[PDB]
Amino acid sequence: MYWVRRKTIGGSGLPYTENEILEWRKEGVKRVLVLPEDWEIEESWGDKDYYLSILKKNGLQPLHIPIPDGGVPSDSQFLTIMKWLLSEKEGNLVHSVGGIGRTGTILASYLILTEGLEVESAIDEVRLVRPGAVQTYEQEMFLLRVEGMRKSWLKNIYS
């Protein structure tokens, strides 16, 4: 697991055993934005809702927002993501399956709006702790679309 900003927002792939989830809890995680797709989760645990139940079990408030592999959040989802992340600062963990593409994208989209950084730079930061962060033209297109509305993106959020 990795921290982008120490204890405010970090990420990882999809855990396989409970311990790994207590690894999060121990490294400082408090909340969790689950990014995998239903089937992606269950192929690992056997039951999506069961996984979300243990997430809540260890406290961690789980917000499940599905994002297909190599894809990007939908305008609504994203705003729904920020409202979530930008409303608890401490302990955020964004995870998908590999914790490289979809997670890298979301973290970067966070930095872009929080630290007002351009894409290639936000990416550069995330790849600093998460090597190879962001893997599809789709995601790059998004981040760009984001950076081009860091204005409304925030007005939308902090409304």
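The first residue of the shown sequence is 1; numbering continues from there.
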item	value
Residue stretch of maximal mean CA temperature factor, 113-121 vs 28-36	113-121
Given 123-131 and 54-62, the range whose Cα B-factors average higher in the PDB entry	54-62
Of the residues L14, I21, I9, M149, the one carrying the largest Cα B-factor as recorded	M149
Assigned third (lowest, middle, highest) for the C-alpha B factor of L154	highest
